[PDB]
Amino acid sequence: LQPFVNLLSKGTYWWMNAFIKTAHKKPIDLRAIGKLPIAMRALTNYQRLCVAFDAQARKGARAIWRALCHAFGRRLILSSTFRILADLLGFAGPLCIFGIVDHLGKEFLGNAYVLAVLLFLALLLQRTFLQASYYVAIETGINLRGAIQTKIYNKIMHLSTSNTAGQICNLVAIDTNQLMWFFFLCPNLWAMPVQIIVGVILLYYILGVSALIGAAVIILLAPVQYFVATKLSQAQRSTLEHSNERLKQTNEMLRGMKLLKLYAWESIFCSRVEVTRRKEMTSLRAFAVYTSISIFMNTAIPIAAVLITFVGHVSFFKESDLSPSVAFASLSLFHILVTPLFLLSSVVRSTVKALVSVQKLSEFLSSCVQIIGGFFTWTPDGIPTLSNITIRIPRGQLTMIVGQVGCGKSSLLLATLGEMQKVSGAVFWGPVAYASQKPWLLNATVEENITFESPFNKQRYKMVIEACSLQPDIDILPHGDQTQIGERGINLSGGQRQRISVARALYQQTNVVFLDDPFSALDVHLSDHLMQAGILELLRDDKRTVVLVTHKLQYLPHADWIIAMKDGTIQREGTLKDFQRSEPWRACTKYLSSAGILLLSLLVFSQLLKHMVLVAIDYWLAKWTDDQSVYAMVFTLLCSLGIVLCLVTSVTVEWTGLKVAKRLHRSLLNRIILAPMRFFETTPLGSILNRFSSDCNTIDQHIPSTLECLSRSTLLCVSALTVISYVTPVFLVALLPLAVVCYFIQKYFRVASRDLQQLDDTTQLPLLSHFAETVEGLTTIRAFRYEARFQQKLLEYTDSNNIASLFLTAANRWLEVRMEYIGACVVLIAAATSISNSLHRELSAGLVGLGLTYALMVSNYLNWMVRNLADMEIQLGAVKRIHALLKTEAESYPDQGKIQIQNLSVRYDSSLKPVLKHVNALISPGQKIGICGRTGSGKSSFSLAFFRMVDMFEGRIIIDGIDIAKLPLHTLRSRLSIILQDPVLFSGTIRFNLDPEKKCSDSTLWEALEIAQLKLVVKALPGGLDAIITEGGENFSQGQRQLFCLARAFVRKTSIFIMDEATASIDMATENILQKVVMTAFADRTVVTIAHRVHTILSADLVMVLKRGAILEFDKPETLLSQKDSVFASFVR
Ligand SMILES: Nc1ncnc2c1ncn2[C@@H]1O[C@H](COP(=O)(O)OP(=O)(O)OP(=O)(O)O)[C@@H](O)[C@H]1O
Ligand SMILES: O=C(O)[C@H](CC(=O)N1C[C@H]2CCCC[C@H]2C1)Cc1ccccc1
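Numbered by the deposited numbering, the letters in the sequence shown go through residues 218 to 276, 283 to 329, 350 to 406, 413 to 616, 678 to 739, 768 to 921, 997 to 1039, 1060 to 1326, 1340 to 1579 in order.
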């Protein structure tokens, strides 16, 4: 609430003080953050931008710039006016140091004390204009993002469906941010020229022509600073290529982990991910080189400029003798030109990226029922897709739209709606509940999807779910209801999704309903259930106009009207009779522990030795000004020794950063591979994967750079407070109060800012997610006429994004205003005490300048120390949670088919109910054993029990004379065939997905593919036995993929085969093909089949029934059918 408060509280952000103190105690919630001010709302900014657009266009890429300039120009020069005004008041430090030091070494301005309060007042007054300049630029930048995101969205509700779903979200998340961040750094575009030009002009007057030569070096090194920034960002992209390639290879490893650990291919796929990692680490060296140079230039160009400015002034020109006032006033000017001169690279880089974004943004912004005649074409001009489409469906009566495949069926429905440009014809036609041919699901609850922003009724909902008969399906789902169906509907199944969209159509209370192929993936049994109960007994009962378009003609007789489509034309439209007649410092220690004692010693000793040179340089200047070639000799040497150490301390932090980033990931990968199968099922995949994506990214690129920023600022602030204390020892008395105050300000910030950074991120996701939802189901939204209702949901989402981001900026300004006040209070104590000592005691004029030139800079170092420490705390969440995951568990480490089980006391998990108990069996070599039982009756345990994956087997299994327990895991899994229920084939060649051990012969591998009756399609692939297959994908069918897994099984030749519900998720013909292959090809080798199919184990040598723990296991299935009273298997079959 900055506008309401007065000028003083607004400048000092006193209104934020109570919020900070309150948030320190309890976490920030949406209730804690208030509603947005009227002036800064998404709707208000959007209306202002629309007014600007109307004004500009009333008389392209130029227009949007004019509208952005017109709407947000008044609150932008007001930001630039402060920035310029703060720049001029900035030179009241360097100029007043000139005044103070000169008077000591030699009209109220003639007094040294008077200038000590002018230095105090100007520094106090500058460091609020500068901060109020940052805020108003930010508050305009954030208010702009609110206006554009609404502007982008209001275009989405219009664009034709002929066209890029992911581009629009990218346009919101990246292209708008680059435009927003241009308005953060917009005033600098007019303030760098003013601040630098006055700066360089001042240096000439203070020091002479020699100040230009030193000033030219810094300016001339801005392009080289910029060039490194270009080479770095190129290197980051090339690293981003391998990281995305790595995450694909890792994701396939975690998802299909059970298949891998069954075949003992965990090491092979772990080896393949490391090969991609090493390439990423190679491309990450160049990112370290061009980050090392970037740190080297930013701390060795200021030193180089000082070296050439002073040495050149005394050696070449032989001008006026160097004096403490001139040398230290000029030195303090360099410290305040480098910050503008080194950010100018990022300002130009941002401006060239903002020019692209606007052009990219302006490219996006430019993109019953009776019909008379009618010609509709998806293209703006071309062959009309619908021709002679003249229809008149009745009101309140069901109508069927039936025709050939791909012949104007779904287009005609969209022709009735407004998504088809009319070449000609006349159409006259409220909101319509349209069940899309391709169903779309909101990223929300199953209850939310069906109600779809409509009031809930208990009776209505009960009938709908019973009619669609999707409730029994949700019963098997992991959650009873309110399941979070994310993007793409991965949680739900294809057939289940189709019902939901039809359920959404059937739930709504509207007169006209267009159900576009409700039975596309609906089973024939349920399809009649949905049609009879829902379409007829529910939809037709309510006197609701229903239009249905499906291939199943069985429901044609139960239809008032029916139309026939031919070649995209409505040939005839009549009734059935008419138609028939016509036709954490603990984590930081863990991070620095892995670097190595050698590097860690070199890292620490280089930092401490560098800042004993960067002070011994400045102290030597204070001794110099008071033989004159001798002083230049030592000062040149120290400047070179300062530069050399700036190179060493820039390589080491990056060299260390790679050494940890390499070891931490590699040590992480080898740990989860050895985790037992129980760990992967219990822990959600999202938890493990995000460690490899974000945390291994934060350590790769963010920690090493931040660790340098925090270590460089902390030592500078220690050096600044030591030099300023050696000059005036009385300053130590005031150091304790300013240490206690500076601690609490740091504490309340880190507590409050950490909350808002998390709150900022968690409100970003709903905003982007809403853009994806709108574009994916744009046709459905405009069918319900929920465009206005959906657009309103954006304003709430983006307002909760701005206010969460408008406190993160008011928190930073709160901190920087406090520290700059503390720093402006240190400069008074430093000035007051040194001048007291210099005039009365025997202090020198040079040491006075040395104290002041650090007092001015102790405000910045205090600010970087607390801001970097805030970021270093957050970025150490990467190491903290990796080290937690890194301590997971670790598993310990066939000639004849005789397998024996000793009581099989196997427990599905630690300290749980035993799945199977007291199960004794003995299968002779070369015998086909079958296992059948109820779902969850322990049959599924015996499948994984033979592979020691059940980690609590309190019994014994003897296979071919040995024990499956004593033998090591990677030597027992590798010699036992398995066929999981759901087939999976991982990315790689066919030769590298059927024998990754690279031991199979080329001729043999072809026979195995042919043995599975698969050689024809395999040979048909390009290359042959080397075609680059994709994970799942379309290169193979579901029957073929399950068929290929049989070929992979035949490759092992382990003489013991275990099949676990291979029949499921397969075709009936393929099951006969698979069963015939197993019966014929695998005649020997003791095939064991655990499945629910009746006919799978009918011909087996022996069949074992499974009760809660064990049931009758008749060796002869023929005897079992008679003995079981035709109940156990005969009745089930
Ligand atoms: N973005 C698009 N650009 C061009 N044509 C399009 C586009 N979207 C759809 N179409 C047209 O719509 C046709 C499919 O709809 P149509 O009603 O003609 O067939 P259908 O019988 O409903 O098909 P299906 O069984 O695939 O649902 C395509 O063949 C194409 O001519
Ligand atoms: O001190 C800072 O360096 C500023 C940090 C800050 O205030 N914010 C708030 C913004 C919210 C939206 C996204 C994050 C930014 C970061 C950034 C900045 C603003 C203006 C000028 C220079 C730097």
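Beta carbons: idealized from backbone N, C-alpha and C, even for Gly.
message = For residue 1133 and residue 1427, I'd like the C-alpha separation in whole angstroms.
response = Using only the alpha carbons, I get a separation of about 39 Å.
request  = Just confirm the distance between the C-beta atoms of residue 737 and residue 685, as a whole number of angstroms; I'd bet it's less than 8 Å.
outcome  = Wrong, their Cβ atoms sit about 11 Å apart, outside the cutoff.
inquiry  = Residues in the same chain with beta-carbon distance under 7 Å from residue 496, minus the five sequence neighbours each way, listed in chain order, please.
reply    = So the list reads 1125 and 1126, once near-sequence residues are dropped.
query = Should residue 319 go down as buried or exposed, given a rule of 16 or more other Cβ atoms within 10 Å for buried?
reply = So residue 319 counts as buried.
Per DSSP, cross-strand counterpart(s) of residue 1378 = Answer is 1551.
Start and end residues, beta strand (DSSP E) containing residue 911 = Counting along the chain, residue 911 sits inside the beta strand (DSSP E) bounded by residues 907–912.
message = For residue 1503 and residue 1495, which I take to be in contact (beta-carbon distance under 8 Å), what is that distance rounded to the nearest angstrom?
response = Contact holds; Cβ gap of about 6 Å.
Short Cβ contact (8 Å threshold) for residue 1167 with residue 362 = No, Cβ-Cβ distance for residue 1167 and residue 362 is not below 8 Å.
request  = Give me whichever residues DSSP pairs with residue 899 in a beta bridge.
outcome  = In the DSSP output, where bridge partners are listed per residue, residue 899 has 709.
message = With a threshold of 8 Å, are at least 3 pairs of Cβ atoms found where one atom belongs to the segment 536–547 and the other to the segment 1448–1468?
response = The answer is no - the segment 1448–1468 does not touch the segment 536–547, with fewer than three Cβ pairs under 8 Å.
ask   = Which residues in the same chain as residue 1288 place their Cβ atom closer than 6 Å to its Cβ, once the five residues preceding and following it in sequence are excluded?
value = So the list reads 1157, 1259, 1260 and 1263, once near-sequence residues are dropped.
key: 8 Å Cβ cutoff met for residue 729 and residue 413   = No, the pair does not count as a contact, with Cβ atoms beyond the cut-off.
task = Determine the burial state of residue 1176: buried for a count of at least 16 other Cβ atoms within 10 Å of its Cβ, exposed for fewer.
result = Burial state of residue 1176 is exposed, judged by a 10 Å Cβ sphere holding fewer than 16 other Cβ atoms.
ask   = If you count every other CB in all the chains shown that lies within 10 Å of the CB of residue 1360, and 16 or more means buried, which is it?
value = So residue 1360 ends up on the buried side.
message = Between which two residues does the beta strand (DSSP E) holding residue 1348 run?
response = Looking at the DSSP string, the run of the beta strand (DSSP E) that includes residue 1348 is 1345–1348.
inquiry  = Between 286, 1559, 548 and 228, which has its C-alpha nearest residue 1072's C-alpha?
reply    = When each option's Cα is compared against that of residue 1072, the closest is 548.
request  = Note down the Cα distance separating residue 1017 from residue 567, rounded to an integer number of angstroms.
outcome  = Spanning the alpha carbons of residue 1017 and residue 567 requires a straight line of approximately 41 Å.
Paired residues, beta bridge with residue 731 - DSSP = Under the DSSP definition of a beta bridge, residue 731 partners with 687.
message = With a threshold of 7 Å (Cβ to nearest heavy atom), would residue 775 be considered close to ligand 1?
response = Residue 775 Cβ: within cutoff of ligand 1.
request  = Could you tell me which of 1311, 1062 and 1223 sits nearest to residue 559, measuring between CA atoms?
outcome  = Of the listed residues, the one whose Cα sits closest to residue 559 is 1062.
message = Taking the alpha-carbon of residue 510 as reference, which of 1420, 1576 and 258 has the nearest alpha-carbon?
response = Ranked by how close their Cα comes to the Cα of residue 510, the residues 1420, 1576 and 258 have 1420 in first place.
inquiry  = Tell me the DSSP secondary structure of residue 1360 in three-state form.
reply    = Strand, per DSSP.
key: Pick from 302, 1285, 904 and 1241 that is closest to residue 359, judged by C-alpha positions   = Residue 1285 is the option with its Cα nearest to residue 359.
Secondary structure of residue 853, DSSP reduced to three states = In the structure shown, residue 853 sits in a strand (DSSP, three-state: E or B).
query = Hey, how far is the Cα of residue 571 from the Cα of residue 1182?
reply = Residue 571 and residue 1182: Cα-Cα distance of roughly 44 Å.
key: Beta-carbon contacts of residue 708 that lie in its chain and below 6 Å, excluding the five residues immediately before and after   = The answer, listed in chain order, is 878, 884, 897 and 898.
key: C-alpha distance - residue 322 paired with residue 574, whole-angstrom precision   = Taking the CA atoms as reference points, residue 322 sits about 7 Å from residue 574.
key: Distance, residue 1174 Cα to residue 1043 Cα   = A break in the chain separates 1039 from 1060, and the residue in question, residue 1043, sits inside that break with no coordinates.
inquiry  = Considering only DSSP beta bridges, list what residue 680 is partnered with.
reply    = Bridge partners of residue 680: 702 and 738.
ask   = In angstroms, rounded to a whole number, what distance separates the CA positions of residue 864 and residue 801?
value = Going by the C-alpha atoms only, they are around 15 Å apart.
message = Please state whether the Cβ-Cβ distance between residue 1146 and residue 1301 is less than 8 Å.
response = Yes, Cβ-Cβ distance for residue 1146 and residue 1301 is below 8 Å.
message = ligand 3 and residue 377: does the residue's C-beta get closer than 7 Å to at least one heavy atom of that ligand?
response = Ligand 3 is not part of this structure, which contains only ligand 1 and ligand 2.
ask   = Just to check, is the beta-carbon of residue 719 closer than 7 Å to a non-hydrogen atom of ligand 1?
value = Yes.
key: Proximal residues to residue 1364 (C-beta, below 8 Å), its chain only, five neighbours per side dropped   = If we look at residue 1364 and ignore the five residues flanking it on each side, its Cβ neighbours are 1349, 1350, 1351, 1555 and 1556.
query = Around the Cβ of residue 1281, are there at least 16 other Cβ atoms within 10 angstroms (buried) or fewer (exposed)?
reply = Residue 1281 should be labelled buried.
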